[PDB]
Structures are given as structure tokens and as C-alpha cells.
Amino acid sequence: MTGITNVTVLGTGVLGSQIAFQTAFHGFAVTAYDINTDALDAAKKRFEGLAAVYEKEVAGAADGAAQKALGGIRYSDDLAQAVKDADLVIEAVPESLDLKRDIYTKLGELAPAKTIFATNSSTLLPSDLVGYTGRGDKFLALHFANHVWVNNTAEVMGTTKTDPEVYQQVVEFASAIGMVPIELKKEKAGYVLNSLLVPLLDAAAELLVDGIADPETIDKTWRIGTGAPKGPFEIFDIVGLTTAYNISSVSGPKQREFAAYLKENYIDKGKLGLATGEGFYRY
């Protein structure tokens, strides 16, 4: 008769907690899973943080609505119990092939037949994981963006093996929790958004490193030329220069030249971007 009602999220970190909370906020029955009681205690702290954020930032969260969502969440550190009646499992464990491999094999065994599996992985492709799951027709990617309550896209990307009626029901779940479903047709590293954004940021980095123009110039050129609200380097500051450095340092020669540039001129000086109050720009 009915579809997705019970959702279990694996991991209560930065994205796990946001995913779980947004889902609870939209009336699903949520279980947050993590490794031990200390991780669960820390999860609860995040959920209380999110609740506060929602009551100030999110439509409909005022006057106790965010607290009620908070209070309704269940915590579990026993995977078997955590997914026992799960309609959907959203996996946001650390970005580690080994650690996700471990997770899915167990999850494939412990979760009832009905359960749809969805990974939030940034870099690990579903195909890289579909094996360990044991239910490829029910395994796909549901990829969120940090600050899901306002950057509310959910990229839906399955494998060739993925069942279309499952894919569609994930899409509809995404709408149910207030996301804009971004539907990919074939698997793709970086889904859509990162696929578009990285090339822009790389081109900007090259201009800076090769001494063609300063950040301000590059940024105003982009805002004026495309009408965008923020230029590449303003975007770097939002992404965070530590993240930008990590990514830059594992790519072609030119990017690595940028990573070294970030390290010397920003990272080493403690100018990590927006969150810390100064990166390419002072805030």
C-alpha cells in the first residue's frame, strides 16, 4: 500500500545529521545510526544545533516545530536494530572505500528485502559499491549539498543495474523532504554540480597562478560577464580553502601549482576562507 516511511541514516556527521534532520522535519520516521554511544551523544548535539538553525532559518520550523522533529528522532548503534523496519537507508559514512565496503556487505545482510539503499558519497561511484550491497536494483546515489535546508538539491544518480521504479521513488522522496531532485541518467563522477563548478574554479586558479590577473579582477569579470552574484574566488572562500587545497593537490600539474599557491599564501597564514573570517577576501 504505502511507500517510504521509515528512514535510517548511517552516520551523523556533517551531512548525516543534516540529512536525518531535514527528513525528520518533513514527517518521516527517522533513525540515526552511528558506531557507539559517544558518537550518538555527539549526533544529538548536532541535531540540537540544527533545530536551533531551523527555527531561525527554515519555513515552518518556528514555535516548537523544529524541537518536535528533534524529539522524534531515534538513535541506534546496532545496525541490525537500526534498519530492521527501514524503507530507505541513506548512507553518509566517511569517504573511505574500505569503510563503505564493510558497511554495505553487512547492510545487505541485515536490512529487510524491501529496503532501498542510497549513498551520499561525493567521490566513490555507486558502481564502486553496488557489488558489496547485494541489491543493485535498490542501490543508487542520493547526493546532498552542505546546508541542505537552503542549498536544497538532491542529485539522484543510479547504476545501470538500478531499478527505475526505485529511482523514481527516491526522486519523490527527495521532493517530500523539500529537495529539488536533480535527476542524472547515467553515472558520472561529481554528478552535475561539481562537474560544472570544478572547471570554472580551475580556469580561475590558472589565471591567478600564471599571473594573468588578480582575484578581484577575475571575480568582477565573472559577475559582470555572466551576471552571477559571486566570482570564482568568492566561491573558493565559501567552499573553504582547505577543501580547495585537498582537491587541487590531487589533480593535474596546473592545479597542483594552485594548491601550493593556496598553501603558501593562505593556508599557512590561517586564511581559510569564509568560515574563519578571511580567505581571498576579508569578511
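The first residue of the shown sequence is 1; numbering continues from there.
Decide which of the stretches 132-140 and 167-175 has the higher mean C-alpha B-factor, going by the entry.
Between 167-175 and 132-140, it is 132-140.
Mean C-alpha B factor from the entry: is it higher for 176-184 or for 123-131?
According to the PDB entry, the answer is 123-131.
If you compare 73, 113, 148, 198, which has the highest Cα B-factor in the entry?
Among 73, 113, 148, 198, the PDB entry lists the largest C-alpha B-factor for 113.
Per the coordinate record, which of the options 240, 253, 232, 225 holds the highest CA temperature factor?
Checking the PDB record, the top C-alpha B-factor among 240, 253, 232, 225 is at 253.
Sort the modelled residues of this chain by their C-alpha B factor and say whether residue 153 lands in the lowest, middle or highest third.
Tercile = lowest for this residue's CA B-factor.
Just say lowest, middle or highest third for the CA B-factor of residue 31 relative to the other modelled residues in its chain.
For residue 31, whose C-alpha B-factor we compare with every modelled residue in the chain, the answer is the lowest third.
In terms of the chain's CA B-factor thirds, is residue 8 lowest, middle or highest?
Tercile = lowest for this residue's CA B-factor.
Select lowest, middle or highest to describe the third in which the CA B-factor of residue 217 falls within its chain in this entry.
Answer is middle: the recorded C-alpha B-factor places it there.
Considering every modelled residue of the chain and its Cα B-factor in the PDB entry, is residue 107 in the lowest, middle or highest third?
As the PDB entry reports it, the C-alpha B-factor of residue 107 lands in the highest third of its chain.
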